[PDB]
Amino acid sequence: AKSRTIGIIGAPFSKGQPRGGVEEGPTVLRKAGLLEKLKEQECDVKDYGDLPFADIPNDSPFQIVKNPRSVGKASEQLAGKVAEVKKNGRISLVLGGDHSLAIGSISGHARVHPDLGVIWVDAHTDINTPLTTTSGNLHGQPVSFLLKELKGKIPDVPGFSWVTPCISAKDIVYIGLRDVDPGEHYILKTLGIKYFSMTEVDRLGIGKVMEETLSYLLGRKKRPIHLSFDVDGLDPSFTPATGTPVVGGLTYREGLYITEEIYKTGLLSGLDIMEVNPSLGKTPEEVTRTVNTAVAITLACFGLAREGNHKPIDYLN
Amino acid sequence: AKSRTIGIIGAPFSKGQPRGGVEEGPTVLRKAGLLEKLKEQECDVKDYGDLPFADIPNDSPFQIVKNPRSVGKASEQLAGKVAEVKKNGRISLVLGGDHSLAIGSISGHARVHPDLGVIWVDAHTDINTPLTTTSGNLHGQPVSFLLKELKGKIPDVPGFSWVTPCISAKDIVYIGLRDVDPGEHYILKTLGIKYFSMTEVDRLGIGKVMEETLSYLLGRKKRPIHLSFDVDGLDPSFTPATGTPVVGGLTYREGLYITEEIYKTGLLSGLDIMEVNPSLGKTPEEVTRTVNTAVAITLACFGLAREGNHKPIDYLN
Amino acid sequence: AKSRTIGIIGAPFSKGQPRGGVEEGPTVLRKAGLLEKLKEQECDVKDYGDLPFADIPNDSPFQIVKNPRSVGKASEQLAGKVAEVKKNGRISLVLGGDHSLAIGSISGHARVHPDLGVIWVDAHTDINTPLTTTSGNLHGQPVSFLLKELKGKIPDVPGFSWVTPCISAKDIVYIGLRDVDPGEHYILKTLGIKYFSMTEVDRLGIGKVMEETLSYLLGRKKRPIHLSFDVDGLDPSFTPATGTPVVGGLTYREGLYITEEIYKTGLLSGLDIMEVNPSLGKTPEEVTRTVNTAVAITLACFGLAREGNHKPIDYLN
Ligand SMILES: O=C(O)[C@H]1NC[C@@H]2NC[C@@]21CCC[B-](O)(O)O
Ligand SMILES: O=C(O)[C@H]1NC[C@@H]2NC[C@@]21CCC[B-](O)(O)O
Ligand SMILES: O=C(O)[C@H]1NC[C@@H]2NC[C@@]21CCC[B-](O)(O)O
Ligand SMILES: [Mn+2]
Ligand SMILES: [Mn+2]
Ligand SMILES: [Mn+2]
Ligand SMILES: [Mn+2]
Ligand SMILES: [Mn+2]
Ligand SMILES: [Mn+2]
């Protein structure tokens, strides 16, 4: 079935942030047996491999923005691959890798499905522009490059000339926000972007959050869903092996709830599993805890249900 | 008071599963001071002691089902004792022991109160038949032996000739489900059993889960409540000394709220505190935590409330 | 603005309870950078230093009530300091110290604003009178001395002749309750005080709790809010370094939601951060975890929103 037909893409890239190890995200997600478990859940899994990311010598910074040609090139490569997966009538599954890869993952998806709606599950908005940013880490800027309403606010940054803004400010829902920069908060308010920060999650409950998110995107008519899951969206008690952990996250339950609900529409068209850094686990159990969580999230995106699952046969015979 | 007049039944039985230690459950629960805490809570506690489970050597498996004669006998002995306690006018308080014992606890209770409704708090449905089981562990099968609709789906199991299905599919509500086998999911959905898996708990909140659970069971008319409580229903962070732990469970708070709402109906007639395995705590602290949580749950069933409690006297005098 | 103008008062007092250390609370919270953090979120902060609590040797018990002259004098000195801060048009921020200091904090606040309402975040009611108390510890009795309806039930305790009940029973809302004494529960139900114990928070969700709390206190008319935050109101998994911890507490997110909702009214006028004891950490990390949770709740009271904040400037220029 279309909802369980998947194209796997390994994106072992870390240059959108300063912390080493996140490029090993595809390796540990694979080692934990992600592909085998998905196949055991009656999925049609095709593996497009791990993208080779060539080292860019003399990748000088654009103002304070670090590794601009490397980040741009890696997303350009990813955009090409995601579009090929989408042309094959499969759901693209990107195993990251830092969140700057969303530039390519979404751009690639929009090339085949321009009517796509984006759910962004993260502690962060990742919407700083190359000029509002204060760290110059591109993993905190991919939404700025993608938004149509920010065309003219993003300067010519090396490695990004291929990029065209493909999503309107009204086509994205944020779930999980708790660490947002002033410039990001300003953009969020001025562009009238829909979001459920942790305050909204506490207020309405994950049930009402998912009802409002799906009605906000699908209300008019069914349209393809791109879910960009940053594992720091969940609390560091579940996903500690991450680069930018923020206390008071979404529980293990809420995350499964979000992903089970998205599966049920049968409209998941693109997925990103981002920011798992296995070198950032204080103990070996902290890595395994994060990896296993990222696996459960992925499995729920393709049908694994807490109430149970069964083959369409008679088990009483 | 009726909802405070209790009769304790200790069931040191472990042969319904393969992990040693669960038989020590009634001892470690008594050693925590359970009886005393209940007395000090204005409860009429009468000790019916611990049941003597006579060892059955050469208990050859029935197909894949392990130690059937032992499990059949233990529950048979438990049914007589539970029925005796119920004839005395006391709430049966069964101390487990593995969940296979729910066979004898409910059948015994049903002999005195045939109209009873069951609230099953577990991570698991325990609804496999001696044929749909892959483990052959009878603690994962007690609901299949008790359901009327599955008469003809259960074969001649040695030790279970005394068993007569005492409840219909409509007379059971599940709360806390998160690890359901395909056979069990097929049973649950074809039998059309009411359930609240963790997905429904997240969607609704425990307030609505209980309002809906109790309305569905008690709406039509007042009826006896049998709460079968598997400590693995609660997340492993509150009850880690259990044989089959599953991540993302009911919190300590939801557990107390379930039992507080059941107390408040004044219709609790049977209680099972199952699967506390003191030999499975990863530290002596993990054992005491599971035991105190199990004690806390039990006290809430018989009136202990988080807002407080007082006697019918003027305290300002 | 009025909601970000603050007068910090240190109240290094411990004789309201037996465990040494709570007097270091103002020190450790200052050392965590509270003053600096508040100024980074556009606050006008004045520090009135730590109150000298000149020793009162010869302070024998009044019945079973411990250190009454010390508890009385500390609250008398605090009341005068809080009123002086209130007269200066600043939100009084009392860093405790044990919760017995609420007598003085609220009496002093009431002196300038007699129309104030109280929000009491705690695991306990702190409503024992000198006659209902079993422990004789005054941190468990502050509310009794303040309620108009309890006048006549308060005996003549040495060091408390300055006290006049300043709040009515209908002007206090409790949140977080889970350990209430029999005498306390009797007072709570007989006076008809609005309370949301952990049972209500479970039933309703913190969103309804806050909506009902702010409507119940401000629905008739807008008046100044006094928030008295006992850190033990949160689960000991976030605030373990405290004198009287109780499991099943308010989560980290719930504490931020309560304070976020209170800040948004723009009526917060007095705040108490009580019961932080840096000697009671089982590990140095449990101490830092407690102070940081206390600091986070505080910044939330003075505007720090999880969704983010921005200045009224064009960040895109
Ligand atoms: O733009 C920035 O560098 C920062 N702004 C807010 C977060 N604190 C680190 C930030 C990035 C997080 C990216 B993320 O982990 O969400 O992929
Ligand atoms: O039939 C089985 O062995 C298995 N089926 C699903 C559960 N995972 C282990 C199972 C049993 C749980 C029993 B219980 O701990 O709930 O008492
Ligand atoms: O009267 C008492 O001592 C006890 N009554 C219930 C609580 N258990 C300890 C008590 C006080 C809590 C004070 B508190 O930490 O809230 O300031
Ligand atoms: Mn991100
Ligand atoms: Mn993030
Ligand atoms: Mn069970
Ligand atoms: Mn179970
Ligand atoms: Mn207190
Ligand atoms: Mn307290």
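Just so you know, the numbers here start at 1 and follow the chain as drawn.
Backbone N, Cα and C define each Cβ position, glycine as well.
In this structure, B:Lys15 (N6-succinyllysine) belongs to neither helix nor strand by DSSP; it is coil. Listed in sequence order, B:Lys66, B:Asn67, B:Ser70, B:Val71, B:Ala74, B:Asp98, B:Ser100 are the same-chain residues six or more apart from B:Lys15 (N6-succinyllysine) with CB atoms under 8 A from its CB. Sequence annotations record features per position, and here Swiss-Prot assigns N6-succinyllysine to B:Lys15 (among others) based on similarity to another entry.
Within 10 Å of the C-beta of B:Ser60 (phosphoserine) there are 9 other C-beta atoms, taking all protein chains into account. Here Swiss-Prot flags B:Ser60 (among others) as phosphoserine, drawing on a large-scale study or a structure entry.
DSSP assigns B:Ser70 (phosphoserine) to a helix. The annotation phosphoserine is assigned in Swiss-Prot to B:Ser70 (among others).
The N6-succinyllysine feature in Swiss-Prot is assigned to B:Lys73 (among others); the stated evidence is similarity to another entry. Cβ neighbour count for B:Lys73 (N6-succinyllysine): 22 (other Cβ atoms within 10 Å of its Cβ, all protein chains included).
Residue density at B:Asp126 (Mn(2+) 1 binding site): 26 other Cβ atoms are found within 10 A of its Cβ, drawing on all protein chains shown. In three-state terms derived from DSSP, B:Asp126 (Mn(2+) 1 binding site) belongs to neither a helical nor a strand segment and is classed as coil. What Swiss-Prot lists as Mn(2+) 1 binding site is B:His99, B:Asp122, B:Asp126, B:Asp230, and the listing cites experimental evidence.
Cβ contacts within 10 Å of B:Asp122 (Mn(2+) 1 binding site), excluding its own Cβ and spanning all protein chains shown: 29. What Swiss-Prot lists as Mn(2+) 2 binding site is B:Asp122, B:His124, B:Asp230, B:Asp232, and the listing cites experimental evidence.
What Swiss-Prot lists as substrate binding site is B:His124, B:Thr125, B:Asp126, B:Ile127, B:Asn128, B:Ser135, B:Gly136, B:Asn137, B:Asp181, B:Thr244, B:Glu275. DSSP assigns B:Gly136 (substrate binding site) to coil in the three-state reduction, placing it in neither a helix nor a strand.
B:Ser161 (phosphoserine) carries neither a helix nor a strand DSSP state and counts as coil. Neighbours of B:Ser161 (phosphoserine), defined as other CB atoms within 10 A of its CB across all chains, total 10. Per Swiss-Prot, phosphoserine is recorded for B:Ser161 (among others), and the stated evidence type is a large-scale study or a structure entry.
Within 10 Å of the C-beta of B:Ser215 (phosphoserine) we count 10 further C-beta atoms, all protein chains included. The phosphoserine annotation in Swiss-Prot covers B:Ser215 (among others) and is backed by a large-scale study or a structure entry.
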Work through the recorded positions one by one (B:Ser70, B:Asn128) and point out the residue whose CB has the fewest other CB atoms within 10 angstroms.
B:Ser70
Go through B:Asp181, B:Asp230, B:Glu275, our binding-site residues, and report the one whose Cβ sees the most other Cβ atoms within 10 Å.
B:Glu275
So of all those binding-site residues, B:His124, B:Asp126, B:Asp230, B:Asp232, which one's Cα sits nearest to B:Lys73 (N6-succinyllysine)?
B:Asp126
Do you see any of the recorded positions B:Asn128, B:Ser161, B:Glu275 whose C-alpha is within 10 Å of B:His99 (Mn(2+) 1 binding site), and which ones?
B:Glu275
Top Cα neighbour of B:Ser60 (phosphoserine) in the set of recorded positions B:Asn128, B:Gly136, B:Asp181, B:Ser215, B:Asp232:
B:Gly136
Between B:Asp181 (substrate binding site) and B:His124 (Mn(2+) 2 binding site), the C-alpha gap once rounded to whole angstrom:
9
My understanding is the cutoff is Cβ-Cβ under 8 Å with a sequence separation of 6 or more in the same chain; which residues meet that for B:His124 (Mn(2+) 2 binding site)?
B:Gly140, B:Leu177, B:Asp179, B:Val180, B:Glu184, B:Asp230, B:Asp232, B:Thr244, B:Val246
Using Cβ atoms only, which of the recorded positions B:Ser70, B:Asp122, B:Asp181, B:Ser215, B:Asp232 are under 8 Å from chain A?
B:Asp181
